[PDB]
Each structure stands twice: as structure tokens, then as C-alpha cells.
Novice: 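One structure follows; several queries about it will come next.
Lettering of chains follows the sequences in order, A, B, ..., and the numbering in each one begins at 1. All heavy atoms count here, side chains included; hydrogens, waters and symmetry mates do not.
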Protein chains: 2
Amino acid sequence: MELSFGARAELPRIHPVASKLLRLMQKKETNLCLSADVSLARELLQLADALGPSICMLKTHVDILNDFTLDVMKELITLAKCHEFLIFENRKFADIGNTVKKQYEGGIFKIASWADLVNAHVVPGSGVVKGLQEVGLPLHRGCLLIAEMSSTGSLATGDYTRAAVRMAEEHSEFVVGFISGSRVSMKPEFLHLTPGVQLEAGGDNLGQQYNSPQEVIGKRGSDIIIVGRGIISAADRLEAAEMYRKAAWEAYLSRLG
Amino acid sequence: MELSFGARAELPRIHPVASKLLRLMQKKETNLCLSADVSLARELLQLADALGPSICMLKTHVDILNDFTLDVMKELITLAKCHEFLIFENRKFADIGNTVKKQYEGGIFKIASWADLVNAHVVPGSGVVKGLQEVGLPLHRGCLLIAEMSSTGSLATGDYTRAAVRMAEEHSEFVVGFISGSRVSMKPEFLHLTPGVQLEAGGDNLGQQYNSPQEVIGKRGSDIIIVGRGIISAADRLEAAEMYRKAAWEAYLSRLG
Ligand SMILES: *[C@H](C)c1cc(=O)[nH]c(=O)n1[C@@H]1O[C@H](COP(=O)(O)O)[C@@H](O)[C@H]1O
Ligand SMILES: *[C@H](C)c1cc(=O)[nH]c(=O)n1[C@@H]1O[C@H](COP(=O)(O)O)[C@@H](O)[C@H]1O
């Protein structure tokens, strides 16, 4: 029997980062994650402020931010706290444990110092998780494993996907869910976040493929839609965010009955 | 049927970056790539200067460099030109094509501006190569595809590895080789670079596994050894690099005949 986001937030085995997310999704009636794929700090902060009320999460892309500083991230956190959304850094960690540990904590970005959530590929084996968790657990963070991808020719299928799910299950102190195109775990403590979402059919010219909020939330059983260009390229970004939020929210409610 | 590095540099279908690499490997008698996994620019540059004569390639890890600037990379390029080695940025690109394009060209790091070689995971499908190619092609850059990984539980096996080889073959205007544990393509135009190398048996506490230069070059048929901690953790990094250089070079010389 399907549980509401509010009930899932209270499950005994729920991770605190997932509980926080689930509570604000219910409170705000949004299961929309904005993919903030922009080059400038001013654009990032303007979108976070204007769309904050409509979103549960803002997916940053610090590797493409031309004018990144840690002060930009301080200010983003203030917006996150004010508007109540989590910060999810896009960087798709995909290296050996020892390396990802340093990539997560260190460098100029210090991702673990400001990102509530990160995501990681499972291709290196479970050391990728063990390395990230060494930094993330003390910092009270969570992680998503990339169980499926939205792009043409994705190899994250079959036994690979199943490996991601086992890895997540075995590291539930840190792993809070998945990047996936559908529900891949039957355990309600895990979140499912789906990119490759637009209202209309289509793709991009570098292998991105799109499915609708109704398809992914309603038919395929995911929890959260991640949307970049569908919102950012629109003339009215606030209206676009609202259409996506309403679409994803209604799809969830219908599945809930 | 085995050709020397110098002869391979003259193969008809060889990429110019691969040719430049193979020529300097032959001239300097080195098939050693230093994995410069350090957090300070001053250490990076001191290692680059001191070990430059012993290496064919320096693998940078800019995501862990706390005091990165483009001026640091300018000085690195001077040393690369002086001592004759290529610069390989470690970041294991693993996202849809439209995203990896921006990650490669942009942000603070502007990787494409200074790195001869990049590496990409093949899990997103061939869009990952297409996206990097749009940036790197005019700049005469090349790419290695991660066909196999060194870490315990690696999913880069079987049909995954075969998919990486096919993808490299179909994008030979930009893909110059592989990160792998062994020879994975029979086409001598492709480079094989192998991490998870140390003179002694063992591993680390986060899933890394080591094989020797003689096993990897000599028996598995790889071209270049990538070595981080085996060298970086020594008291005398120069002496360590020389040991690794002689091991890898003599292993190559012996498989030649
Ligand atoms: C990573 C979250 C990911 C994984 C995937 O399989 N597909 C993806 O597209 N993404 C990321 O999500 C956004 C998608 O943005 P658009 O809505 O296509 O503009 C990108 O940031 C992509 O890297
Ligand atoms: C990426 C080059 C890679 C791929 C892999 O399968 N295994 C790896 O270890 N690496 C990278 O190579 C160095 C290994 O350093 P050590 O010799 O183990 O210190 C790391 O930089 C790793 O990310």
C-alpha cells in the first residue's frame, strides 16, 4: 500500500535528509527539483529566489559556474532555508573511493560543505559509496545512486540497475535513494528522482530523451521530477515551474488514491 | 605483430595527440603516467618539474586542487613543453552530452583549454563522447574511454567493456584510447592506460586493487601505467618514478621481441 510523502518522512528507517525533504514536499505540495544549469552566480541566485516556493530541491551545477565562490553558496543556503528546499549538487561522482572522497570534501568547491545531497555512479563498485560516506556522514549528508540514465544508449540497465539497488540497500545510513527513470526499489524509505522530463515529447541533439511528469511519477512510480531546460528556456520561468509542479503533484496524488 | 611506440606514432589512422604521445614515449623511454593526486599547486608543480623527464604524461586532478588558478595551469603547460609530457585531466566525465560539453569547456577550470587528454565513462551512451567532441575536436584534444576499472566490484566488465570498445571505434576522430586493466582493442592505433598499479601486491581501504607494471604491461598487454600513491607516498618521489619507469619500459621492451 502506497504511503504519502508525509508518512514516508516518519518511517523508522528513514534517513534524516530524506525525512526533511519528504516533509517539505508535503508542506509545499511540490515534488519538483529545478536543474539550475546556468553559467553565472547571479542567474543561480535569481532562479533560486524566484522559483524557491515552487520546488522541493535545487540541483546545482558548480562545475559550470564561471564565478563560483563559497560566498555564493552561503547565500544559496540562506535562500534554501528561507524558501525551504534542499540543495543537490549535480556532479556525477564516478571514481574509486579514495579519489571521490577528496573530490567531495575538497578542492575549490568543497561540495560536502554546502550540498545536502550528491549523486554517484555505481560503476566503480561500492567503494565509491564508502569513500563519499566517510565525508558525508559526519556532515549529515545523503547520497543518490544512479541506477538508470535518461540518455540514448545508457548502459545503466538490467544487472547494473540491480547492482545499484543492492548497493543502496547495503549503505542505507548514507544512500537515501536513486537517480532513475522509474521506481527501482520496493522500499519506501528510498527516494526516486527522475531527470529527462518535459511536458512534450522529444529529446535534445546530444542524446537526452524526455518523458512527461505523468509518465514518470504516475505510471513509472518515481517521486520527484528533475527539470532544467523545460523551465529555464521558457519565457515565463515561474509559470513553467508551476506547470511542472502541478503536473508532478497531481500525478503523485493520483497514484496515492 | 607487435609494433614499437615509435612505429605506432606513424600508423595511418593515428590521432595527432596520440602520435605526439607515442613519439615522446619512444624518445624518452617512458610509458609512465604520474597521477598527481595532491592538493597544493606548489606540490603539483614541484612534482611536474622534478619528475617531468621520467614521465610521458601527468594526470592532473583539478577537482582536488585547493589553490587552483588558470595561472597554475599556465606554469604546468610550460613544464609539459619543457620536459615533453602530455597533460591528462582525471575528471571522469559521466553525464549526458549537453552537460559534459559545458563541464569540459567551462566553469572556473576551463579544462579543455589546458588538458591534452580527458577521460569519460561510457554508461550514459555515446552522447557523452559526442558532447566532449564538440569542444575538443578543434582544439586537437583526445579522449580515453573507461572500459574497465581497477576497483573491487567494478561493473565495467563483459558487455559494458565491449560497448566501450565499440564506442571508441566509432568515434576515432576524438577517442584515442582507453582506461583499462588490459588490452581491450586489437587496433594498435588505440592507447591502453592502466591505473591500479604498484610494485608491491595489495590495495587500499576503499576498494582500490593493485597489479604490478610487469603484469599489466607485460602479460595484460597495456601501454602505459598510471601510478599515484606508489610514487606520491615515497619519501623520494623521483627515485620512485624511476623505478616505475624502468619496470614499465622493460616490460614493454620484452613483449616486443
Ligand atoms: C543527472 C541528475 C542526470 C542523469 C540522467 O540520467 N539524466 C540527466 O539529464 N541528468 C541531469 O539532469 C539534468 C537534465 O536537464 P534537462 O531537463 O535535460 O535540461 C541535467 O543536469 C543532467 O545532467
Ligand atoms: C581513473 C584514471 C581511474 C580509473 C580506475 O579504474 N582506477 C583508478 O585508480 N583511476 C585513477 O587512477 C589513480 C589511481 O591512483 P593510485 O595509484 O591508486 O594512487 C586515481 O587518481 C584514480 O582516480
Novice: For the aromatic rings, using the six-membered ring if either is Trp, is the centroid distance between B:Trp249 and B:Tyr244 under 6.0 Å?
Specialist: no
Novice: Between A:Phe109 and A:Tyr104, is the ring centre distance below 6.0 Å?
Specialist: no
Novice: Under a 3.5 Å threshold, yes or no: a donor from one side chain and an acceptor from the other, between A:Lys130 and A:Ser126?
Specialist: yes
Novice: Using a distance-only test with no angle check, is there a side-chain donor-acceptor pair under 3.5 angstrom linking A:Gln46 and A:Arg42?
Specialist: no
Novice: Quiz question: by atom type and distance under 3.5 Å, do the side chains of A:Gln208 and A:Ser150 form a donor-acceptor pair?
Specialist: yes
Novice: Quickly, which of B:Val129, B:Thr99, B:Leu132 forms a side-chain contact (heavy atoms from CB on, under 4.5 Å) with B:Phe93? Name it, please.
Specialist: B:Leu132
Novice: May I ask you to decide whether B:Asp95 forms a salt bridge with B:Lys101, counting only side-chain N to carboxylate O separations under 4.0 Å?
Specialist: no
Novice: Kindly determine whether B:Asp63 and A:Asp63 satisfy side-chain contact (heavy atoms from CB on, under 4.5 Å), including the steps that lead there.
Specialist: CA-CA 9 Å; B:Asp63 290 316; A:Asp63 290 321; 4.1 Å; yes
Novice: Should B:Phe85 and B:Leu51 count as side-chain neighbours, where that means a heavy-atom distance under 4.5 Å?
Specialist: no
Novice: Taking 4.0 angstrom as the limit, do B:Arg220 and B:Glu215 come out as a salt bridge?
Specialist: yes
Novice: Taking atom types as modelled, find out whether A:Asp37 and B:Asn98 have a side-chain donor-acceptor pair closer than 3.5 angstrom.
Specialist: no
Novice: For the residue pair B:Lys20 and B:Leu86, establish whether any side-chain heavy-atom pair is separated by less than 4.5 Å.
Specialist: yes
Novice: Under a 3.5 Å distance rule, please check whether A:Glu89 uses its side chain to pair with a backbone N or O of A:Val62 as donor and acceptor.
Specialist: yes
Novice: Would you check if there is a donor-acceptor pair between the side chains of B:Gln209 and B:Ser151 at a distance under 3.5 Å?
Specialist: no
Novice: Establish, from distance only, whether the side-chain atoms of B:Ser54 and B:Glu242 form a donor-acceptor pair under 3.5 Å.
Specialist: yes
Novice: Return yes when atom CD of B:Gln214 has more than 12 non-hydrogen atoms of other residues, nucleotides or ligands closer than 6.0 Å, and no otherwise.
Specialist: no
Novice: With a 4.5 Å limit on heavy-atom distance, are the side chains of B:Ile224 and B:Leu21 in contact?
Specialist: yes
Novice: I'd like to check A:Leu144 versus A:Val118 (side-chain heavy atoms, cut-off strictly below 4.5 Å). Are they in contact?
Specialist: no
Novice: Using a distance-only test with no angle check, is there a side-chain donor-acceptor pair under 3.5 angstrom linking A:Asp71 and A:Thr69?
Specialist: no
Novice: Not counting sequence neighbours, which residues clear ring pair (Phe, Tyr, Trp, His ring centres under 6.0 Å) with B:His192? List them please.
Specialist: B:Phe178
